[PDB]
$ cat query26.pdb   # PDB, C-alpha atoms and all ligand atoms
MODEL        1
ATOM      1  CA  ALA A   2      61.176  97.997 -57.732  1.00  0.00           C
ATOM      2  CA  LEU A   3      58.898 100.859 -58.772  1.00  0.00           C
ATOM      3  CA  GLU A   4      60.301 100.985 -62.321  1.00  0.00           C
ATOM      4  CA  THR A   5      59.129  97.544 -63.485  1.00  0.00           C
ATOM      5  CA  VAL A   6      55.461  98.332 -62.773  1.00  0.00           C
ATOM      6  CA  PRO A   7      53.828  99.968 -65.823  1.00  0.00           C
ATOM      7  CA  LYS A   8      52.496 103.354 -64.772  1.00  0.00           C
ATOM      8  CA  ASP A   9      49.569 103.597 -67.198  1.00  0.00           C
ATOM      9  CA  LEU A  10      47.514 100.825 -68.761  1.00  0.00           C
ATOM     10  CA  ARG A  11      47.537 102.511 -72.179  1.00  0.00           C
ATOM     11  CA  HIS A  12      50.256 101.688 -74.738  1.00  0.00           C
ATOM     12  CA  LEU A  13      51.872  98.706 -73.019  1.00  0.00           C
ATOM     13  CA  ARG A  14      53.805  95.908 -74.730  1.00  0.00           C
ATOM     14  CA  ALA A  15      55.804  92.759 -73.966  1.00  0.00           C
ATOM     15  CA  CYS A  16      59.253  91.608 -75.063  1.00  0.00           C
ATOM     16  CA  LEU A  17      60.058  88.311 -76.793  1.00  0.00           C
ATOM     17  CA  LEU A  18      63.016  87.305 -74.562  1.00  0.00           C
ATOM     18  CA  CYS A  19      61.835  87.790 -70.962  1.00  0.00           C
ATOM     19  CA  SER A  20      58.192  88.755 -71.693  1.00  0.00           C
ATOM     20  CA  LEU A  21      58.600  91.996 -69.760  1.00  0.00           C
ATOM     21  CA  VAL A  22      55.229  93.766 -69.607  1.00  0.00           C
ATOM     22  CA  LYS A  23      55.654  97.532 -69.142  1.00  0.00           C
ATOM     23  CA  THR A  24      54.437 100.806 -70.656  1.00  0.00           C
ATOM     24  CA  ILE A  25      55.965 102.353 -73.788  1.00  0.00           C
ATOM     25  CA  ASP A  26      57.586 105.051 -71.643  1.00  0.00           C
ATOM     26  CA  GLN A  27      59.613 102.620 -69.504  1.00  0.00           C
ATOM     27  CA  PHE A  28      60.942 100.598 -72.441  1.00  0.00           C
ATOM     28  CA  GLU A  29      62.345 103.833 -73.910  1.00  0.00           C
ATOM     29  CA  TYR A  30      63.498 105.581 -70.736  1.00  0.00           C
ATOM     30  CA  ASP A  31      64.783 102.438 -69.001  1.00  0.00           C
ATOM     31  CA  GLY A  32      64.214  99.470 -71.293  1.00  0.00           C
ATOM     32  CA  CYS A  33      64.408  95.757 -70.643  1.00  0.00           C
ATOM     33  CA  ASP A  34      65.383  95.254 -67.015  1.00  0.00           C
ATOM     34  CA  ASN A  35      66.137  91.561 -67.656  1.00  0.00           C
ATOM     35  CA  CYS A  36      68.454  92.201 -70.635  1.00  0.00           C
ATOM     36  CA  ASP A  37      70.341  95.471 -71.150  1.00  0.00           C
ATOM     37  CA  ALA A  38      73.813  94.401 -72.355  1.00  0.00           C
ATOM     38  CA  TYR A  39      72.516  92.255 -75.255  1.00  0.00           C
ATOM     39  CA  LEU A  40      69.460  94.242 -76.398  1.00  0.00           C
ATOM     40  CA  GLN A  41      70.189  97.924 -75.634  1.00  0.00           C
ATOM     41  CA  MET A  42      66.636  99.272 -75.962  1.00  0.00           C
ATOM     42  CA  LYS A  43      67.128 102.369 -73.782  1.00  0.00           C
ATOM     43  CA  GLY A  44      67.523 105.663 -75.627  1.00  0.00           C
ATOM     44  CA  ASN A  45      65.405 105.128 -78.744  1.00  0.00           C
ATOM     45  CA  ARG A  46      62.058 104.001 -80.130  1.00  0.00           C
ATOM     46  CA  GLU A  47      63.045 102.047 -83.253  1.00  0.00           C
ATOM     47  CA  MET A  48      64.731  99.296 -81.228  1.00  0.00           C
ATOM     48  CA  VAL A  49      61.793  99.336 -78.804  1.00  0.00           C
ATOM     49  CA  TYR A  50      59.303  98.901 -81.652  1.00  0.00           C
ATOM     50  CA  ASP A  51      61.526  96.362 -83.450  1.00  0.00           C
ATOM     51  CA  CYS A  52      62.115  93.604 -80.891  1.00  0.00           C
ATOM     52  CA  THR A  53      59.289  94.341 -78.459  1.00  0.00           C
ATOM     53  CA  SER A  54      55.782  94.089 -79.922  1.00  0.00           C
ATOM     54  CA  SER A  55      52.265  94.746 -78.648  1.00  0.00           C
ATOM     55  CA  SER A  56      50.804  91.399 -79.771  1.00  0.00           C
ATOM     56  CA  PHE A  57      50.694  89.597 -76.429  1.00  0.00           C
ATOM     57  CA  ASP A  58      48.178  88.416 -73.835  1.00  0.00           C
ATOM     58  CA  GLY A  59      48.078  87.114 -70.261  1.00  0.00           C
ATOM     59  CA  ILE A  60      49.458  88.867 -67.172  1.00  0.00           C
ATOM     60  CA  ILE A  61      51.198  87.476 -64.085  1.00  0.00           C
ATOM     61  CA  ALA A  62      52.672  89.180 -61.014  1.00  0.00           C
ATOM     62  CA  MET A  63      56.042  87.447 -60.707  1.00  0.00           C
ATOM     63  CA  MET A  64      57.417  88.055 -57.209  1.00  0.00           C
ATOM     64  CA  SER A  65      59.565  85.049 -56.181  1.00  0.00           C
ATOM     65  CA  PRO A  66      60.971  83.294 -59.259  1.00  0.00           C
ATOM     66  CA  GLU A  67      63.285  81.169 -57.105  1.00  0.00           C
ATOM     67  CA  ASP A  68      60.275  79.517 -55.424  1.00  0.00           C
ATOM     68  CA  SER A  69      57.111  79.318 -57.535  1.00  0.00           C
ATOM     69  CA  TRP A  70      55.555  76.715 -59.810  1.00  0.00           C
ATOM     70  CA  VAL A  71      54.595  79.176 -62.581  1.00  0.00           C
ATOM     71  CA  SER A  72      58.055  80.725 -62.913  1.00  0.00           C
ATOM     72  CA  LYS A  73      59.734  77.415 -63.707  1.00  0.00           C
ATOM     73  CA  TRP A  74      57.054  76.561 -66.272  1.00  0.00           C
ATOM     74  CA  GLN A  75      57.644  79.830 -68.105  1.00  0.00           C
ATOM     75  CA  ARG A  76      61.443  79.551 -67.631  1.00  0.00           C
ATOM     76  CA  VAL A  77      61.460  82.974 -65.975  1.00  0.00           C
ATOM     77  CA  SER A  78      63.048  81.873 -62.697  1.00  0.00           C
ATOM     78  CA  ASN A  79      66.420  83.437 -63.564  1.00  0.00           C
ATOM     79  CA  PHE A  80      64.772  86.834 -64.171  1.00  0.00           C
ATOM     80  CA  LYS A  81      63.742  89.799 -62.085  1.00  0.00           C
ATOM     81  CA  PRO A  82      60.338  89.597 -60.366  1.00  0.00           C
ATOM     82  CA  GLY A  83      57.735  91.812 -61.966  1.00  0.00           C
ATOM     83  CA  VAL A  84      55.040  92.046 -64.614  1.00  0.00           C
ATOM     84  CA  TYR A  85      55.419  89.194 -67.111  1.00  0.00           C
ATOM     85  CA  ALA A  86      53.295  87.562 -69.816  1.00  0.00           C
ATOM     86  CA  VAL A  87      52.422  83.969 -70.636  1.00  0.00           C
ATOM     87  CA  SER A  88      52.119  84.015 -74.454  1.00  0.00           C
ATOM     88  CA  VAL A  89      54.006  86.650 -76.467  1.00  0.00           C
ATOM     89  CA  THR A  90      53.411  85.956 -80.155  1.00  0.00           C
ATOM     90  CA  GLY A  91      55.767  86.932 -82.966  1.00  0.00           C
ATOM     91  CA  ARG A  92      59.331  86.282 -84.067  1.00  0.00           C
ATOM     92  CA  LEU A  93      62.543  88.278 -84.243  1.00  0.00           C
ATOM     93  CA  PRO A  94      63.868  89.260 -87.684  1.00  0.00           C
ATOM     94  CA  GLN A  95      67.052  87.692 -89.037  1.00  0.00           C
ATOM     95  CA  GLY A  96      68.945  90.788 -87.942  1.00  0.00           C
ATOM     96  CA  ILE A  97      69.236  90.464 -84.165  1.00  0.00           C
ATOM     97  CA  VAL A  98      69.069  86.682 -83.651  1.00  0.00           C
ATOM     98  CA  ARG A  99      72.452  86.043 -85.300  1.00  0.00           C
ATOM     99  CA  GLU A 100      74.322  88.205 -82.781  1.00  0.00           C
ATOM    100  CA  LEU A 101      72.587  86.553 -79.816  1.00  0.00           C
ATOM    101  CA  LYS A 102      73.984  83.078 -80.526  1.00  0.00           C
ATOM    102  CA  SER A 103      77.580  84.316 -80.784  1.00  0.00           C
ATOM    103  CA  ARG A 104      77.255  86.033 -77.383  1.00  0.00           C
ATOM    104  CA  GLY A 105      75.762  83.045 -75.559  1.00  0.00           C
ATOM    105  CA  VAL A 106      72.069  83.978 -75.332  1.00  0.00           C
ATOM    106  CA  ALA A 107      69.745  81.263 -76.629  1.00  0.00           C
ATOM    107  CA  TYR A 108      66.660  83.073 -77.911  1.00  0.00           C
ATOM    108  CA  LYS A 109      63.722  80.825 -77.024  1.00  0.00           C
ATOM    109  CA  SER A 110      60.169  81.016 -78.336  1.00  0.00           C
ATOM    110  CA  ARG A 111      58.191  82.258 -75.330  1.00  0.00           C
ATOM    111  CA  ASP A 112      54.913  81.582 -77.168  1.00  0.00           C
ATOM    112  CA  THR A 113      53.488  78.715 -75.121  1.00  0.00           C
ATOM    113  CA  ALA A 114      50.096  79.281 -76.768  1.00  0.00           C
ATOM    114  CA  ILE A 115      48.805  76.571 -79.078  1.00  0.00           C
ATOM    115  CA  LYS A 116      48.015  77.067 -82.776  1.00  0.00           C
ATOM    116  CA  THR A 117      44.499  75.854 -83.631  1.00  0.00           C
TER     117      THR A 117
ATOM    118  CA  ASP M 176      55.006  73.366 -54.972  1.00  0.00           C
ATOM    119  CA  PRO M 177      52.807  76.336 -54.065  1.00  0.00           C
ATOM    120  CA  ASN M 178      49.023  76.154 -54.211  1.00  0.00           C
ATOM    121  CA  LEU M 179      46.663  78.313 -56.292  1.00  0.00           C
ATOM    122  CA  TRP M 180      43.516  80.001 -54.989  1.00  0.00           C
ATOM    123  CA  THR M 181      40.528  81.569 -56.732  1.00  0.00           C
ATOM    124  CA  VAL M 182      39.116  84.904 -55.550  1.00  0.00           C
ATOM    125  CA  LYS M 183      36.130  86.880 -56.827  1.00  0.00           C
ATOM    126  CA  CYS M 184      36.497  90.336 -58.380  1.00  0.00           C
ATOM    127  CA  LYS M 185      34.462  93.062 -60.070  1.00  0.00           C
ATOM    128  CA  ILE M 186      33.502  92.537 -63.708  1.00  0.00           C
ATOM    129  CA  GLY M 187      35.531  94.988 -65.803  1.00  0.00           C
ATOM    130  CA  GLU M 188      38.294  95.443 -63.220  1.00  0.00           C
ATOM    131  CA  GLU M 189      40.707  92.568 -63.841  1.00  0.00           C
ATOM    132  CA  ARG M 190      43.784  94.490 -65.011  1.00  0.00           C
ATOM    133  CA  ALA M 191      43.137  97.221 -62.455  1.00  0.00           C
ATOM    134  CA  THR M 192      42.972  94.490 -59.828  1.00  0.00           C
ATOM    135  CA  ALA M 193      46.308  93.028 -60.852  1.00  0.00           C
ATOM    136  CA  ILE M 194      48.029  96.416 -61.140  1.00  0.00           C
ATOM    137  CA  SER M 195      46.678  97.415 -57.711  1.00  0.00           C
ATOM    138  CA  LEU M 196      47.756  94.267 -55.923  1.00  0.00           C
ATOM    139  CA  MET M 197      51.229  94.464 -57.448  1.00  0.00           C
ATOM    140  CA  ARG M 198      51.658  97.964 -56.063  1.00  0.00           C
ATOM    141  CA  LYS M 199      50.386  96.845 -52.667  1.00  0.00           C
ATOM    142  CA  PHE M 200      52.989  94.089 -52.634  1.00  0.00           C
ATOM    143  CA  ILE M 201      55.771  96.506 -53.560  1.00  0.00           C
ATOM    144  CA  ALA M 202      54.308  98.942 -51.000  1.00  0.00           C
ATOM    145  CA  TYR M 203      54.538  96.387 -48.181  1.00  0.00           C
ATOM    146  CA  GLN M 204      57.495  94.079 -48.912  1.00  0.00           C
ATOM    147  CA  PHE M 205      59.793  96.060 -46.575  1.00  0.00           C
ATOM    148  CA  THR M 206      57.435  96.618 -43.615  1.00  0.00           C
ATOM    149  CA  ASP M 207      56.399  94.369 -40.726  1.00  0.00           C
ATOM    150  CA  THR M 208      53.359  93.179 -42.745  1.00  0.00           C
ATOM    151  CA  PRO M 209      54.663  91.651 -45.989  1.00  0.00           C
ATOM    152  CA  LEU M 210      52.682  89.708 -48.588  1.00  0.00           C
ATOM    153  CA  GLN M 211      52.935  85.902 -48.796  1.00  0.00           C
ATOM    154  CA  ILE M 212      51.681  85.754 -52.412  1.00  0.00           C
ATOM    155  CA  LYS M 213      53.857  84.460 -55.251  1.00  0.00           C
ATOM    156  CA  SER M 214      51.876  85.652 -58.279  1.00  0.00           C
ATOM    157  CA  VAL M 215      48.344  86.557 -59.315  1.00  0.00           C
ATOM    158  CA  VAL M 216      46.938  85.086 -62.528  1.00  0.00           C
ATOM    159  CA  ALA M 217      44.590  87.218 -64.624  1.00  0.00           C
ATOM    160  CA  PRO M 218      43.694  85.662 -67.980  1.00  0.00           C
ATOM    161  CA  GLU M 219      42.304  87.943 -70.651  1.00  0.00           C
ATOM    162  CA  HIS M 220      39.705  85.366 -71.715  1.00  0.00           C
ATOM    163  CA  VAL M 221      38.055  85.377 -68.278  1.00  0.00           C
ATOM    164  CA  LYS M 222      35.762  88.089 -66.920  1.00  0.00           C
ATOM    165  CA  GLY M 223      34.823  88.101 -63.243  1.00  0.00           C
ATOM    166  CA  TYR M 224      37.335  86.302 -61.013  1.00  0.00           C
ATOM    167  CA  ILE M 225      41.111  86.062 -60.821  1.00  0.00           C
ATOM    168  CA  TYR M 226      43.758  83.638 -59.582  1.00  0.00           C
ATOM    169  CA  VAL M 227      46.345  83.931 -56.817  1.00  0.00           C
ATOM    170  CA  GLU M 228      49.313  81.854 -55.643  1.00  0.00           C
ATOM    171  CA  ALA M 229      49.762  81.029 -51.948  1.00  0.00           C
ATOM    172  CA  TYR M 230      50.636  77.961 -49.889  1.00  0.00           C
ATOM    173  CA  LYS M 231      47.765  78.099 -47.379  1.00  0.00           C
ATOM    174  CA  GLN M 232      44.305  79.645 -47.302  1.00  0.00           C
ATOM    175  CA  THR M 233      45.185  82.026 -44.461  1.00  0.00           C
ATOM    176  CA  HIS M 234      47.771  83.832 -46.634  1.00  0.00           C
ATOM    177  CA  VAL M 235      45.243  84.952 -49.216  1.00  0.00           C
ATOM    178  CA  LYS M 236      42.955  86.137 -46.422  1.00  0.00           C
ATOM    179  CA  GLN M 237      45.721  88.107 -44.715  1.00  0.00           C
ATOM    180  CA  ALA M 238      46.946  89.536 -48.031  1.00  0.00           C
ATOM    181  CA  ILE M 239      43.711  90.675 -49.734  1.00  0.00           C
ATOM    182  CA  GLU M 240      42.369  92.234 -46.539  1.00  0.00           C
ATOM    183  CA  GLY M 241      41.640  95.926 -47.089  1.00  0.00           C
ATOM    184  CA  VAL M 242      41.067  96.010 -50.856  1.00  0.00           C
ATOM    185  CA  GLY M 243      37.655  97.216 -52.044  1.00  0.00           C
ATOM    186  CA  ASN M 244      37.796  95.365 -55.350  1.00  0.00           C
ATOM    187  CA  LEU M 245      38.124  92.013 -53.526  1.00  0.00           C
ATOM    188  CA  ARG M 246      35.717  92.652 -50.647  1.00  0.00           C
ATOM    189  CA  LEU M 247      32.895  90.610 -52.209  1.00  0.00           C
ATOM    190  CA  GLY M 248      34.683  87.283 -52.603  1.00  0.00           C
ATOM    191  CA  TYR M 249      36.434  87.797 -49.276  1.00  0.00           C
ATOM    192  CA  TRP M 250      34.458  85.281 -47.195  1.00  0.00           C
ATOM    193  CA  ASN M 251      35.255  82.278 -49.418  1.00  0.00           C
ATOM    194  CA  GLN M 252      38.391  81.044 -51.184  1.00  0.00           C
ATOM    195  CA  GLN M 253      37.932  78.054 -53.452  1.00  0.00           C
ATOM    196  CA  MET M 254      40.786  75.674 -54.232  1.00  0.00           C
ATOM    197  CA  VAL M 255      41.493  73.986 -57.556  1.00  0.00           C
ATOM    198  CA  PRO M 256      42.994  70.483 -57.843  1.00  0.00           C
ATOM    199  CA  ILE M 257      46.557  70.101 -58.998  1.00  0.00           C
ATOM    200  CA  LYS M 258      45.737  69.263 -62.619  1.00  0.00           C
ATOM    201  CA  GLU M 259      44.294  72.761 -63.096  1.00  0.00           C
ATOM    202  CA  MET M 260      47.573  74.623 -62.620  1.00  0.00           C
ATOM    203  CA  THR M 261      48.243  73.951 -66.325  1.00  0.00           C
ATOM    204  CA  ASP M 262      44.953  74.600 -68.143  1.00  0.00           C
ATOM    205  CA  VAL M 263      45.044  78.161 -66.788  1.00  0.00           C
ATOM    206  CA  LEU M 264      48.102  79.119 -68.855  1.00  0.00           C
ATOM    207  CA  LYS M 265      46.760  77.714 -72.137  1.00  0.00           C
ATOM    208  CA  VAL M 266      45.738  80.260 -74.787  1.00  0.00           C
ATOM    209  CA  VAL M 267      43.838  79.359 -77.956  1.00  0.00           C
ATOM    210  CA  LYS M 268      44.291  81.226 -81.228  1.00  0.00           C
ATOM    211  CA  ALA M 271      47.750  89.731 -79.211  1.00  0.00           C
ATOM    212  CA  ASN M 272      45.573  88.809 -82.224  1.00  0.00           C
ATOM    213  CA  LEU M 273      47.408  91.403 -84.343  1.00  0.00           C
ATOM    214  CA  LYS M 274      49.009  89.950 -87.483  1.00  0.00           C
ATOM    215  CA  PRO M 275      49.055  91.377 -91.024  1.00  0.00           C
ATOM    216  CA  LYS M 276      47.677  89.532 -94.044  1.00  0.00           C
ATOM    217  CA  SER M 277      45.090  87.992 -91.728  1.00  0.00           C
ATOM    218  CA  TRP M 278      41.304  87.766 -91.600  1.00  0.00           C
ATOM    219  CA  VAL M 279      39.373  89.979 -89.196  1.00  0.00           C
ATOM    220  CA  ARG M 280      35.743  91.094 -89.058  1.00  0.00           C
ATOM    221  CA  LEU M 281      34.111  94.400 -88.141  1.00  0.00           C
ATOM    222  CA  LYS M 282      32.044  95.350 -85.088  1.00  0.00           C
ATOM    223  CA  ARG M 283      30.479  98.718 -85.981  1.00  0.00           C
ATOM    224  CA  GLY M 284      29.872 100.621 -89.193  1.00  0.00           C
ATOM    225  CA  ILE M 285      28.002  99.263 -92.180  1.00  0.00           C
ATOM    226  CA  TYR M 286      29.900  96.006 -92.894  1.00  0.00           C
ATOM    227  CA  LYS M 287      28.942  94.390 -89.605  1.00  0.00           C
ATOM    228  CA  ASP M 288      29.978  90.743 -89.242  1.00  0.00           C
ATOM    229  CA  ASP M 289      31.650  90.864 -92.670  1.00  0.00           C
ATOM    230  CA  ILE M 290      34.909  88.956 -93.067  1.00  0.00           C
ATOM    231  CA  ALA M 291      37.738  91.286 -94.119  1.00  0.00           C
ATOM    232  CA  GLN M 292      41.532  91.306 -94.477  1.00  0.00           C
ATOM    233  CA  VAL M 293      44.303  93.372 -92.875  1.00  0.00           C
ATOM    234  CA  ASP M 294      46.794  95.164 -95.140  1.00  0.00           C
ATOM    235  CA  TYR M 295      49.033  97.473 -93.085  1.00  0.00           C
ATOM    236  CA  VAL M 296      49.429  98.130 -89.351  1.00  0.00           C
ATOM    237  CA  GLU M 297      50.119 101.595 -87.963  1.00  0.00           C
ATOM    238  CA  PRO M 298      52.923 101.602 -85.339  1.00  0.00           C
ATOM    239  CA  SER M 299      51.084 104.286 -83.326  1.00  0.00           C
ATOM    240  CA  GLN M 300      48.457 101.698 -82.255  1.00  0.00           C
ATOM    241  CA  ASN M 301      45.742 104.152 -83.341  1.00  0.00           C
ATOM    242  CA  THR M 302      44.224 102.879 -86.617  1.00  0.00           C
ATOM    243  CA  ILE M 303      44.604  99.776 -88.793  1.00  0.00           C
ATOM    244  CA  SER M 304      44.369  99.192 -92.536  1.00  0.00           C
ATOM    245  CA  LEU M 305      41.482  97.002 -93.697  1.00  0.00           C
ATOM    246  CA  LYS M 306      40.480  95.341 -96.989  1.00  0.00           C
ATOM    247  CA  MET M 307      36.716  95.196 -97.550  1.00  0.00           C
ATOM    248  CA  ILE M 308      34.330  95.433-100.512  1.00  0.00           C
ATOM    249  CA  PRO M 309      31.839  98.328-100.773  1.00  0.00           C
ATOM    250  CA  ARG M 310      28.149  97.398-100.854  1.00  0.00           C
ATOM    251  CA  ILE M 311      26.751 100.921-101.380  1.00  0.00           C
ATOM    252  CA  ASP M 312      24.468 101.726-104.321  1.00  0.00           C
ATOM    253  CA  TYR M 313      26.901 104.283-105.835  1.00  0.00           C
ATOM    254  CA  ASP M 314      24.187 106.882-105.013  1.00  0.00           C
ATOM    255  CA  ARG M 315      21.355 105.597-107.187  1.00  0.00           C
ATOM    256  CA  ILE M 316      18.674 104.176-104.872  1.00  0.00           C
ATOM    257  CA  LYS M 317      19.045 106.364-101.792  1.00  0.00           C
ATOM    258  CA  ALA M 318      17.974 109.994-102.119  1.00  0.00           C
TER     259      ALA M 318
HETATM  260 ZN    ZN L 401      63.176  90.239 -72.614  1.00  0.00          ZN
ENDMDL
END

$ encode --input "query26.pdb" --output "structure tokens" --more "lines below"
Ligand SMILES: [Zn+2]
Amino acid sequence: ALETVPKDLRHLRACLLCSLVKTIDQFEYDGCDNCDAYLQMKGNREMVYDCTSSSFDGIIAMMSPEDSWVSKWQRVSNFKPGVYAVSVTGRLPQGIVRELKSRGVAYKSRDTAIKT
Amino acid sequence: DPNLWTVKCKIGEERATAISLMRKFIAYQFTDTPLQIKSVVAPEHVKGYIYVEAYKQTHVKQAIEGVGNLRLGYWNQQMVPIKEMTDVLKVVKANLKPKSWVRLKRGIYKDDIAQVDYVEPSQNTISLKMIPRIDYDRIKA
């Protein structure tokens, strides 16, 4: 859709669950298109700046996650096609990871980048 | 398993290239001329050519036809062997972490190893820890 493409290249971030790369206006107006019932990041800026960070790199144009070699390697085949990232550094605080396990969402470390 | 092709782009226009081809795909997925591409890879460590996912070489030629950023590398489409689908996604150590060690680019303490103290959430400025090397206004006039 037209909402998952970031409009402007300035002030864009990436989430730590689905690595959704968008602009700061879409994460606040619309939020995470791949998780809205567990994260609820539409309607504020503290939750957008808490889970989603700017420290990320690498950009991919995911279009057919059901048939592509890159989507299975990043475990993003059960997500919506759009702008994604390949290494989103950081970690969630011990304030939102405890509720994700009780609801059935296994928070995985999307950081496939190596350390030294 | 889909193949990966390498196309040539303008130096300085990698992210603009990706954000333009994504909007072409969304602008033609419902017409009689769709796009056969799966994804386009654009690493941040490269500067000059990008990567694209398609099964055959005719699909990249019939998809990138009409773009002015990809008119130079339009006559030739190299192919990588299968063991190179993995080294493209590797990133060596974003680059924003407190209590870390960064250096300067401009100003007076050029190429001087410093430390980060606090990060501003506005993504405008950043706190740095350096040591002053001025004369305390004794030698200069
Ligand atoms: Zn996510």

$ resolve_selection --input "query26.pdb" --expression "the ChimeraX specification (/M :<10) & /A" --output "PyMOL selection string"
chain A and resi 2-3+6-10+12+14+50+54-66+68-72+74-75+82-84+86-91+112-117

$ atom_distance --input "query26.pdb" --atom1 "CA of residue 185 in chain M" --atom2 "CA of residue 222 in chain M"
8.6 Å

$ residues_near_ligand --input "query26.pdb" --ligand "ligand ZN 401 (chain L)" --cutoff "12 Å" --atoms "all atoms listed in the file" --output "NGL selection string"
:A and (14-23 or 28 or 32-42 or 49 or 52-54 or 76-77 or 79-81 or 84-86 or 89 or 93 or 106-111)

$ resolve_selection --input "query26.pdb" --expression "the PyMOL selection byres (((chain M and resi 304) around 6) and not hetatm)" --output "list in words"
residues 293, 294, 295, 303 and 305 of chain M

$ closest_residue --input "query26.pdb" --among "A:45, A:51, A:78, A:67" --to "residue 94 in chain A" --atoms "all atoms listed in the file"
A:51

$ closest_residue --input "query26.pdb" --among "M:306, M:189, M:312, M:258" --to "residue 278 in chain M" --atoms "only C-alpha atoms"
M:306

$ atom_distance --input "query26.pdb" --atom1 "CA of residue 250 in chain M" --atom2 "CA of residue 182 in chain M"
9.6 Å

$ axis_aligned_box --input "query26.pdb" --around "range 96-111 of chain A" --padding-each-side "6 Å" --output "JSON"
{"center_x": 67.9, "center_y": 85.8, "center_z": -81.6, "size_x": 31.4, "size_y": 22.0, "size_z": 24.6}

$ closest_residue --input "query26.pdb" --among "A:101, A:46, A:11, A:4" --to "residue 27 in chain A" --atoms "all atoms listed in the file"
A:4

$ atom_distance --input "query26.pdb" --atom1 "CA of residue 281 in chain M" --atom2 "CA of residue 310 in chain M"
14.4 Å

$ residues_around --input "query26.pdb" --residues "residue 232 in chain M" --least-positions-apart "6" --cutoff "10 Å" --atoms "only C-alpha atoms" --output "ChimeraX atom specification"
/M:178-180,251-254

$ residues_near_point --input "query26.pdb" --point "(40.4, 98.5, -51.7)" --cutoff "12 Å" --atoms "all atoms listed in the file" --output "compact mmCIF listing (two decimals) with C-alpha atoms, in the coordinates of the input"
# COMPACT_ATOMS: atom_id res chain seq x y z
CA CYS M 184 36.50 90.34 -58.38
CA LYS M 185 34.46 93.06 -60.07
CA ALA M 191 43.14 97.22 -62.46
CA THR M 192 42.97 94.49 -59.83
CA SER M 195 46.68 97.42 -57.71
CA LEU M 196 47.76 94.27 -55.92
CA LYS M 199 50.39 96.84 -52.67
CA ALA M 238 46.95 89.54 -48.03
CA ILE M 239 43.71 90.68 -49.73
CA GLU M 240 42.37 92.23 -46.54
CA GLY M 241 41.64 95.93 -47.09
CA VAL M 242 41.07 96.01 -50.86
CA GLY M 243 37.66 97.22 -52.04
CA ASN M 244 37.80 95.36 -55.35
CA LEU M 245 38.12 92.01 -53.53
CA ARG M 246 35.72 92.65 -50.65
CA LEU M 247 32.90 90.61 -52.21
CA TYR M 249 36.43 87.80 -49.28
